[PDB]
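Data first, discussion second: the structure below is written as structure tokens.
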Amino acid sequence: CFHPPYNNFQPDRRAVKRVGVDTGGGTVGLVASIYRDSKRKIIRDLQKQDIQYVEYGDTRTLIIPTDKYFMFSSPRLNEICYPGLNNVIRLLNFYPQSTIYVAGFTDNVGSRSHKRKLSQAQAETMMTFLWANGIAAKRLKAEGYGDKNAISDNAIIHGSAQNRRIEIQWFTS
Amino acid sequence: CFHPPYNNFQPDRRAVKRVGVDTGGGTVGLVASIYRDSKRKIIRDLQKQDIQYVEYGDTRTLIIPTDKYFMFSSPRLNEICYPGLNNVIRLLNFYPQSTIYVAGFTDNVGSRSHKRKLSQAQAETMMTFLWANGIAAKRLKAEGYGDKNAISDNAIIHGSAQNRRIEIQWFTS
Amino acid sequence: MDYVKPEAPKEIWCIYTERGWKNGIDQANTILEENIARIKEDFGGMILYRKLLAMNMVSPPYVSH
Amino acid sequence: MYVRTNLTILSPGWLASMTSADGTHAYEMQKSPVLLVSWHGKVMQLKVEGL
Amino acid sequence: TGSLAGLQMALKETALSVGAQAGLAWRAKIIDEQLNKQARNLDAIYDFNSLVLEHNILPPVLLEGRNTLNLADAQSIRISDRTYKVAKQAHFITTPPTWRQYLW
Amino acid sequence: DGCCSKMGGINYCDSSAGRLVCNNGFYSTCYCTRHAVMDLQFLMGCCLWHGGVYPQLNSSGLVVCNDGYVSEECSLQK
Amino acid sequence: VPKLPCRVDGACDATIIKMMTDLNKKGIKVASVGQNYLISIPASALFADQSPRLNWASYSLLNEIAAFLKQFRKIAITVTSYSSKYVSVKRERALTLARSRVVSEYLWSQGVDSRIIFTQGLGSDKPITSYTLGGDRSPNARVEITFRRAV
Amino acid sequence: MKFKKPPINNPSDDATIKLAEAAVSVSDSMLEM
Amino acid sequence: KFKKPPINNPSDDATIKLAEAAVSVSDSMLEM
Amino acid sequence: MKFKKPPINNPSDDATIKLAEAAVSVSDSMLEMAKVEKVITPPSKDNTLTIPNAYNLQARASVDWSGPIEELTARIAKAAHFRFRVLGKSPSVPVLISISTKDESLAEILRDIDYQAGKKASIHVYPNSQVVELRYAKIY
Amino acid sequence: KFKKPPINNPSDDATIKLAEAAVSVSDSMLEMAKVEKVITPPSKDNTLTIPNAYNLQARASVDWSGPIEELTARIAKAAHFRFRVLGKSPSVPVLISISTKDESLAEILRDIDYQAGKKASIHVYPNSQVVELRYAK
């Protein structure tokens, strides 16, 4: 079956469950499996949760809100939102040659050293979670920027909520 | 039969009365006897009177209120409450190897020497009552603490009533 | 803010009762905003005092016992 | 108002105060229908009628 | 009252006036019975007879306050550590006082 | 109504703590005097944190507190 | 009377008796002497084999215990963890401290209205039983939560 | 497994509560002097 | 066949405290 | 291809909006003035000298307290198995503290209390005698 | 099976902003207190240490609010010591206040020295069994 905290970092044998409830037809179980392990349904599942995906050229980017995937003002990872993290591992499993950059961003409230240190901690936590699921250490790099290059306006409430985020970029070659 | 003041410190032949009123059936008299000489009904009878029993690990403790088992402000033993004392002897008859500690506690009203002396007197009286029912002198020890380590709050009436007590601890080995 | 429960009480009655409801809500929000300004005044004035005492433009109070 | 208690009065501000040997406090203050007190690290309110 | 959907007596005082007196008298009786039951303990506790001075003089009554502060107005405060006051003065008596003039 | 339910019923009101005592030796959750520690955080009335309502009767609807502040909030509108 | 509260909120005597009875049948020991209360939990129902990692299903038990603790009024709680002897004194002192830290954090995350929570881990220093044959299955590897009911 | 705590006395009167509370303070003032 | 308790016995958790206070005050009186 | 932007939280109250807007301005005023005070008078000494640590000062605590200082310090000393001592006379206007932390050691709890006491009281720890000592200031 | 979220969690984009502002303000208070507070090193602290003689470990119970000389003389007499005074008593006497239920005489002496301040000092000689109160010039 499935162990809810990260399945002991083992790949879950997901397809056999569908082909067991459908043989308990084999062809219908194979069609349901080959639909849900495809890339577009995984992309739609990240769309169903609060994670944004942007593809432009051969550069791909994931945008993750710290509001739902971290506990408040800490580098601890929020354990109720494990389906999103498992879907991130499943999507990242499709590109086994590229290099990964993870970058952390906060808003403008507080002191500068505080913002930089919190960003660095959160980026390292997400990089460590990526490394512990099988990805080799030579493919990864984490960086924490402060309020360096924002994407919304910090003088309003919703845009300031949209500014606190984690960026994941990766190439193809 | 039964002599109400302590049966002249003799073990009362209790089972024969039940098997005489039931033969006057033998099997029903044996089932009633083997139920009421069991440990759980004796524990429930101390529960029916005002005596508390606590078991945790291999240490066992009896809590006795001086309010019902002593006369007021004296080391004299209250003779109307003899069923509870007989049940204490019956329960203590089951552990013939352990050593016994009896400790006495009062509340906070009065002088310190008065509290200590009254505690010491009450603990000795209960130890002497235990020794006179057959238990050897090398298995017993009595100590009287004052208001040393209370279990309730002394600034309120019911908790102060709950603080005046006798503690009996014993081991297994 | 101060609360006392008011227990002291049809073609076009509903719309104007509703408009009065909106007016009361807007008035309460305005009152709260002035209160916020007042607390900000007291705290900011004291904080500014600490900065000017540090930068040596005011004198401290002198006390005798 | 003259208030006799052994809690600690925090908010409305008193004019004079005395203490006994066992820890009872006595306060003289201006009239107000509410008092803010600290019990054991917890802030709460006491309600005064009859004013 | 409430929301948009929510918006969209002489026997009274005669009942209170007969209830207050009956409750007061009944509780007064019960208080007196409890006082009369415990009459020897209160005599042992409030033993005025063994506080009397040499020529049958009742001792004076003194009051104590500790850790005193007064904020007289803005710009002035006065503090003290202890204060002692003579509330009542000594005098001759013929009989000692008893608890019954206070508690009954 | 039922204070000491699944216990023996009400024994008495302990006024030193302001609580009822059940017929086993447990303190109840019910209060029995007004000088008990209740955790009051929400109070009604107006001119709180001032002196209360200055009790003159006014021709207009203004409500004035005992320290000169005027409650515009409890005042009736025109 | 209609506007004063009539009891401490969210609390009922039948609910206290019901939950205490259910916890004692499940196996968590709940005891009361005077006004002091003790809850004793075996370590096997909470942790893995001597690691400070909770199972996913034991959070229901911690939720049940938090729902019990919200029924009272209190000032301080103490959580202490004890284990059994494996390698040295230091390894289980660190283990018990980590276990108590995690458990008291989840209890503080839920809404227990205490002013102080103290946490300590004593290692394998104070055994309540001379039978030391189990590992983490032993009855003397446990966590104990003690408090005093205030007024 | 009915839970019970040992001292269960007769019911008390609040006058006796107040008198007892006054008497304890009289007694330890007396002790000190 | 029968024993009775004392007729004025402090069978009340407020009365008990009252009687203890009454004992200690008179003890202090003998010492003074 | 439904379009969505990531932070979708619960709805907000405009009172909380106004409160947040006031709090941000208070916060950077505090930050700027604290920078100025640090620049003007640089501190030289640390209270690790007066409060060193020991074994069984490493038990941990999480605390929410809003009262006078003395009872809380007594609770910490009792949890640390130390004797508690008071020097000087308590003032008539009480010394109030306010601590709201989560999971820190008892030595740091005492050091934070020592910093909040300011010019009114001080904390000293003697580990060889196992004594926590709180002394009041000779003011008034 | 179940892992609920924290009950008072900032799950609101205005409430969030309020809580970090509350974090940063308290950070600034700790910084200001650390700059402003003055301490003394434990080497040069002018307070009389505990003299650890055998006679000064006896327990006592003292209520006093008055002059320093009488109380120190009684403490010395209770410890079977001698007592001597060096200096001149001022016009306004030095007033202390001691209220304890259970305390040893050495720390009572330590509190006497702390409360005396700069005007007087207490010295203990344990070989020649004496305590000495020295005034300030």
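FYI, nothing fancy with the structure tokens labels: chains A, B, ... in order, residues from 1 per chain, ligands from 1 as they appear.
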Worksheet entry | Expected answer as number ranges by chain: chain E residues within 10 Å of chain C, only C-alpha atoms | E: 1-4, 7-8, 77-78
For chain I versus chain E, which residues have an atom no more than 7 Å away, and what is each residue's nearest atom pair and distance in Å rounded to one decimal, using only C-alpha atoms, chain-then-number order, as a Markdown table?
| residue | atom | partner | partner_atom | distance |
| --- | --- | --- | --- | --- |
| I:19 | CA | E:41 | CA | 6.7 |
| I:22 | CA | E:45 | CA | 5.3 |
| I:25 | CA | E:45 | CA | 6.1 |
| I:26 | CA | E:44 | CA | 6.5 |
Restrict the selected residues to N, CA, C and O atoms and save them as a compact mmCIF listing (two decimals), in the first residue's frame.
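Printed below is selection08.txt as written:
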# COMPACT_ATOMS: atom_id res chain seq x y z
N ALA I 19 -12.18 23.14 64.63
CA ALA I 19 -11.76 22.55 65.89
C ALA I 19 -10.25 22.50 66.04
O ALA I 19 -9.73 22.69 67.15
N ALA I 22 -9.21 25.94 67.04
CA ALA I 22 -9.54 26.15 68.44
C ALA I 22 -8.58 25.43 69.38
O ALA I 22 -8.33 25.91 70.49
N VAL I 25 -5.05 27.56 69.27
CA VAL I 25 -5.09 28.86 69.93
C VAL I 25 -4.94 28.70 71.44
O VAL I 25 -4.10 29.37 72.06
N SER I 26 -5.63 27.72 72.02
CA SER I 26 -5.56 27.50 73.46
C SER I 26 -4.21 26.96 73.89
O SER I 26 -3.74 27.26 75.00
Item to complete: Write out as a ChimeraX atom specification all residues of region 63-128 of chain K that backbone DSSP assigns to helix (DSSP H, G or I).
Response: /K:68-78,105-116
Counting only C-alpha atoms, give me one row per residue of chain I with an atom at most 10 Å from an atom of region 8-28 of chain H, showing the shortest contact pair and its distance in Å to one decimal, sorted by chain then residue number, as CSV.
residue,atom,partner,partner_atom,distance
I:10,CA,H:10,CA,9.7
I:11,CA,H:10,CA,6.3
I:12,CA,H:10,CA,5.4
I:13,CA,H:9,CA,6.7
I:14,CA,H:17,CA,5.6
I:15,CA,H:16,CA,6.7
I:16,CA,H:20,CA,8.8
I:17,CA,H:20,CA,6.2
I:18,CA,H:20,CA,4.8
I:19,CA,H:20,CA,8.6
I:20,CA,H:24,CA,8.8
I:21,CA,H:24,CA,5.8
I:22,CA,H:23,CA,7.6
I:23,CA,H:27,CA,9.3
I:24,CA,H:27,CA,6.7
I:25,CA,H:27,CA,5.5
I:26,CA,H:27,CA,9.3
I:28,CA,H:27,CA,8.6
Got time to write the residues from that selection, C-alpha atoms, as a short mmCIF file (atom, residue, chain, number, x, y, z; two decimals), in the first residue's frame?
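So again.cif came out as:
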data_model
loop_
_atom_site.label_atom_id
_atom_site.label_comp_id
_atom_site.auth_asym_id
_atom_site.auth_seq_id
_atom_site.Cartn_x
_atom_site.Cartn_y
_atom_site.Cartn_z
CA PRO I 10 -16.64 17.07 63.88
CA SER I 11 -18.01 15.11 60.96
CA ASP I 12 -17.58 18.01 58.55
CA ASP I 13 -14.55 19.24 56.71
CA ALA I 14 -15.09 22.85 57.81
CA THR I 15 -15.91 21.91 61.39
CA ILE I 16 -12.71 19.85 61.58
CA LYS I 17 -10.61 22.84 60.60
CA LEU I 18 -12.53 24.99 63.10
CA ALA I 19 -11.76 22.55 65.89
CA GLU I 20 -8.07 22.32 65.01
CA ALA I 21 -7.79 26.10 65.07
CA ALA I 22 -9.54 26.15 68.44
CA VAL I 23 -7.05 23.61 69.80
CA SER I 24 -3.94 25.47 68.65
CA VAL I 25 -5.09 28.86 69.93
CA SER I 26 -5.56 27.50 73.46
CA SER I 28 -0.59 29.15 72.50
#
Worksheet entry | Spatial neighbours of residue 50 (chain D), 12 Å, only C-alpha atoms, chain gap at least 2 places, as number ranges by chain | D: 1, 31-34, 47-48; F: 52
With N, CA, C and O atoms retained, could you export that selection as a PDB file, in the first residue's frame?
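Output saved as result_0.pdb:
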ATOM      1  N   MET D   1     -13.244  54.326  44.236  1.00  0.00           N
ATOM      2  CA  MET D   1     -13.393  52.944  44.629  1.00  0.00           C
ATOM      3  C   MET D   1     -12.243  52.512  45.505  1.00  0.00           C
ATOM      4  O   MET D   1     -11.111  52.977  45.369  1.00  0.00           O
ATOM      5  N   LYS D  31     -13.319  55.776  39.649  1.00  0.00           N
ATOM      6  CA  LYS D  31     -14.349  54.812  39.301  1.00  0.00           C
ATOM      7  C   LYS D  31     -14.282  54.398  37.841  1.00  0.00           C
ATOM      8  O   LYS D  31     -13.959  55.196  36.958  1.00  0.00           O
ATOM      9  N   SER D  32     -14.567  53.119  37.609  1.00  0.00           N
ATOM     10  CA  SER D  32     -14.545  52.493  36.297  1.00  0.00           C
ATOM     11  C   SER D  32     -15.332  51.205  36.392  1.00  0.00           C
ATOM     12  O   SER D  32     -15.300  50.551  37.437  1.00  0.00           O
ATOM     13  N   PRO D  33     -16.052  50.813  35.345  1.00  0.00           N
ATOM     14  CA  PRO D  33     -16.853  49.585  35.403  1.00  0.00           C
ATOM     15  C   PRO D  33     -16.124  48.308  35.024  1.00  0.00           C
ATOM     16  O   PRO D  33     -16.784  47.277  34.884  1.00  0.00           O
ATOM     17  N   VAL D  34     -14.806  48.321  34.849  1.00  0.00           N
ATOM     18  CA  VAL D  34     -14.084  47.119  34.455  1.00  0.00           C
ATOM     19  C   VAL D  34     -12.703  47.176  35.093  1.00  0.00           C
ATOM     20  O   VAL D  34     -12.138  48.250  35.293  1.00  0.00           O
ATOM     21  N   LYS D  47     -15.710  42.414  36.417  1.00  0.00           N
ATOM     22  CA  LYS D  47     -16.834  43.243  36.035  1.00  0.00           C
ATOM     23  C   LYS D  47     -17.470  43.814  37.284  1.00  0.00           C
ATOM     24  O   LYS D  47     -17.765  43.072  38.223  1.00  0.00           O
ATOM     25  N   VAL D  48     -17.696  45.122  37.291  1.00  0.00           N
ATOM     26  CA  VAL D  48     -18.131  45.841  38.479  1.00  0.00           C
ATOM     27  C   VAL D  48     -19.473  46.459  38.148  1.00  0.00           C
ATOM     28  O   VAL D  48     -19.572  47.277  37.230  1.00  0.00           O
TER      29      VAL D  48
ATOM     30  N   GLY F  52     -17.587  55.272  32.694  1.00  0.00           N
ATOM     31  CA  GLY F  52     -18.981  54.897  32.656  1.00  0.00           C
ATOM     32  C   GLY F  52     -19.834  56.050  32.188  1.00  0.00           C
ATOM     33  O   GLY F  52     -19.348  57.140  31.882  1.00  0.00           O
TER      34      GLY F  52
END
